Amino acid sequence: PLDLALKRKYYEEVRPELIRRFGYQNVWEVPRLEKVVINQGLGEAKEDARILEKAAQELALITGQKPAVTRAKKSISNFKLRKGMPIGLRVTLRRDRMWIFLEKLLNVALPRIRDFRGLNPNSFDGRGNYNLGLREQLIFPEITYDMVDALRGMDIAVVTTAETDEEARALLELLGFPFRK
RNA sequence: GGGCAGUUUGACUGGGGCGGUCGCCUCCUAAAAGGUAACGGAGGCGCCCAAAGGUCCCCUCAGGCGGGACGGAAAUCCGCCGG
Ligand SMILES: [Mg+2]
Ligand SMILES: [Mg+2]
Ligand SMILES: [Mg+2]
Ligand SMILES: [Mg+2]
Ligand SMILES: [Mg+2]
Ligand SMILES: [Mg+2]
Ligand SMILES: [Mg+2]
Ligand SMILES: [Mg+2]
Ligand SMILES: [Mg+2]
Ligand SMILES: [Mg+2]
Ligand SMILES: [Mg+2]
Ligand SMILES: [Mg+2]
């Protein structure tokens with residue numbers, strides 16, 4: 001389904017707002033979202049491979065995309081890990097399904113958070129990408145109450161043709177991100 | 001069944017005994033071919049794998065810095081440098 005608000009938001013709204021703000025010279029040099037990665041630090045489900053399926057299928061309806069995993073390379077002896085075996089969920093979303101995830105983020109995910117305050121502005125990686133943490137993934141639409149067996153956490157990532165955080169800062173505000181000033 | 005009989009009871013070894021060692025692999029000693037000794041200096045082997053093998057295809061690390069709900073000295077993830 002190639003169409004949505006954020007599909008056009010970036011275009012008939014953000015496209016020229018940037019050309020004014022920074023003034024490019026070519027249609028491509030303009031900062032674009034193009035890669036949303038979603039991650040999970042599930043060292044917890046080290047034991048239960050069952051709870052592995054839940055964070056995965058939940059991820060399915062929230063990310064609107066099939067989920068994937070990744071076991072470690074040199075695993076922490078101390079915290080119950082050793083070699084190739086463990087677990088760390090990961091699911092890169094691109095094209096349009098990326099958008100349809102984002103629309104749920106700044107218009108549903110954020111507005112109903114336990115005392116959400118604003119996306120920490122320091123979260124820019126010096127270059128043009130963003131990373132931010134969430135505790136409850138039940139703030140997502142499809143997730144019902146009597147269904148979650150535990151508060152599994154995770155953290156999202158969004159890659160941008162941005163070359164500096166200023167340029168990224170502007171490009172996320174313009175698409176619609178509730179920054180903590 | 002030492003009453004009795006025949007015998008056995010290793011070598012190296014700055015004397016012999018005691019100690020240590022005894023075959024195989026790696027490095028040094030070794031003097032830029034090879035090979036070289038010492039009771040010279042140091043470490044391993046007496047296995048393991050049906051996937052840890054064949055071939056086809058695909059991808060490429062460790063680490064350093066920056067960023068990320070548990071966790072950051074080191075899980076998993078995005079980025080950039082990284083032969
Ligand atoms: Mg030119
Ligand atoms: Mg005789
Ligand atoms: Mg003798
Ligand atoms: Mg002697
Ligand atoms: Mg002896
Ligand atoms: Mg030599
Ligand atoms: Mg020689
Ligand atoms: Mg010869
Ligand atoms: Mg000779
Ligand atoms: Mg394997
Ligand atoms: Mg293997
Ligand atoms: Mg760090």
# chains A, B, ... in the order shown; residues from 1 in each chain; ligands from 1
call {"tool": "residues_near_ligand", "arguments": {"ligand": "ligand 12", "cutoff": "10 Å", "atoms": "only C-alpha atoms (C1' of nucleotides) and all ligand atoms", "output": "list in words"}}
result
residues 64, 65, 66, 67, 72, 73 and 74 of chain B
call {"tool": "interface_residues", "arguments": {"of": "chain A", "to": "chain B", "cutoff": "8 Å", "atoms": "only C-alpha atoms (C1' of nucleotides)", "output": "JSON, numbers by chain"}}
result
{"A": [37, 38, 39, 40, 41, 42, 43, 70, 71, 72, 75, 76, 87, 88, 89, 90, 123, 124, 125, 126, 127, 129, 130, 131, 132, 133, 134, 135, 136, 153, 154, 155, 156, 157, 158, 159]}
call {"tool": "atom_distance", "arguments": {"atom1": "CA of residue 105 (chain A)", "atom2": "CA of residue 10 (chain A)"}}
result
15.5 Å
call {"tool": "closest_atom_pairs", "arguments": {"of": "chain B", "to": "ligand 11", "cutoff": "12 Å", "atoms": "only C-alpha atoms (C1' of nucleotides) and all ligand atoms", "output": "CSV"}}
result
residue,atom,partner,partner_atom_place_in_ligand_line,distance
B:49,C1',ligand 11,1 (Mg),9.0
B:51,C1',ligand 11,1 (Mg),7.5
B:52,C1',ligand 11,1 (Mg),4.9
B:53,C1',ligand 11,1 (Mg),11.2
call {"tool": "residues_around", "arguments": {"residues": "residue 3 (chain A)", "least_positions_apart": "6", "cutoff": "9 Å", "atoms": "only C-alpha atoms (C1' of nucleotides)", "output": "PDB file with N, CA, C and O atoms, in the first residue's frame"}}
result
ATOM      1  N   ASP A  96       7.555   1.447   2.049  1.00  0.00           N
ATOM      2  CA  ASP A  96       6.323   1.968   2.621  1.00  0.00           C
ATOM      3  C   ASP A  96       5.968   1.407   4.002  1.00  0.00           C
ATOM      4  O   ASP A  96       5.506   2.156   4.862  1.00  0.00           O
ATOM      5  N   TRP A  99       6.961   3.504   6.775  1.00  0.00           N
ATOM      6  CA  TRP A  99       6.061   4.608   7.058  1.00  0.00           C
ATOM      7  C   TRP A  99       4.896   4.136   7.941  1.00  0.00           C
ATOM      8  O   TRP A  99       4.663   4.679   9.024  1.00  0.00           O
ATOM      9  N   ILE A 100       4.181   3.113   7.484  1.00  0.00           N
ATOM     10  CA  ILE A 100       2.986   2.657   8.184  1.00  0.00           C
ATOM     11  C   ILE A 100       3.297   2.250   9.619  1.00  0.00           C
ATOM     12  O   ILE A 100       2.393   2.083  10.438  1.00  0.00           O
TER      13      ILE A 100
END
call {"tool": "residues_around", "arguments": {"residues": "region 20-29 of chain B", "least_positions_apart": "5", "cutoff": "10 Å", "atoms": "only C-alpha atoms (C1' of nucleotides)", "output": "list in words"}}
result
residues 11, 12, 39, 40, 41, 42, 43, 44, 45 and 46 of chain B
call {"tool": "residues_near_ligand", "arguments": {"ligand": "ligand 5", "cutoff": "9 Å", "atoms": "only C-alpha atoms (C1' of nucleotides) and all ligand atoms", "output": "count of residues only"}}
result
4
call {"tool": "closest_residue", "arguments": {"among": "A:67, A:141, A:31, A:84", "to": "ligand 10", "atoms": "only C-alpha atoms and all ligand atoms"}}
result
A:84
call {"tool": "residues_near_ligand", "arguments": {"ligand": "ligand 4", "cutoff": "7 Å", "atoms": "only C-alpha atoms (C1' of nucleotides) and all ligand atoms", "output": "list in words"}}
result
residues 13, 15 and 16 of chain B
call {"tool": "write_last_selection", "arguments": {"atoms": "N, CA, C and O atoms (P, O5', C5', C4', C3', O3' and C1' of nucleotides)", "output": "PDB file, in the first residue's frame"}}
result
ATOM      1  P     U B  13      75.650 -40.496  30.141  1.00  0.00           P
ATOM      2  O5'   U B  13      75.215 -39.645  31.394  1.00  0.00           O
ATOM      3  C5'   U B  13      74.286 -38.585  31.248  1.00  0.00           C
ATOM      4  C4'   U B  13      73.669 -38.205  32.558  1.00  0.00           C
ATOM      5  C3'   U B  13      74.662 -37.691  33.599  1.00  0.00           C
ATOM      6  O3'   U B  13      74.084 -36.623  34.333  1.00  0.00           O
ATOM      7  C1'   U B  13      73.551 -39.662  34.409  1.00  0.00           C
ATOM      8  P     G B  15      79.736 -36.390  38.352  1.00  0.00           P
ATOM      9  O5'   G B  15      79.646 -37.964  38.137  1.00  0.00           O
ATOM     10  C5'   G B  15      80.474 -38.625  37.212  1.00  0.00           C
ATOM     11  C4'   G B  15      80.789 -40.001  37.694  1.00  0.00           C
ATOM     12  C3'   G B  15      79.588 -40.847  38.082  1.00  0.00           C
ATOM     13  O3'   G B  15      79.005 -41.507  36.964  1.00  0.00           O
ATOM     14  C1'   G B  15      81.201 -40.910  39.799  1.00  0.00           C
ATOM     15  P     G B  16      77.401 -41.617  36.789  1.00  0.00           P
ATOM     16  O5'   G B  16      76.957 -42.494  38.021  1.00  0.00           O
ATOM     17  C5'   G B  16      76.691 -43.873  37.851  1.00  0.00           C
ATOM     18  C4'   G B  16      76.560 -44.571  39.173  1.00  0.00           C
ATOM     19  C3'   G B  16      75.251 -44.370  39.894  1.00  0.00           C
ATOM     20  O3'   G B  16      74.242 -45.216  39.413  1.00  0.00           O
ATOM     21  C1'   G B  16      77.011 -44.020  41.393  1.00  0.00           C
TER      22        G B  16
END
call {"tool": "residues_near_ligand", "arguments": {"ligand": "ligand 2", "cutoff": "12 Å", "atoms": "only C-alpha atoms (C1' of nucleotides) and all ligand atoms", "output": "VMD selection string"}}
result
chain B and resid 5 to 7
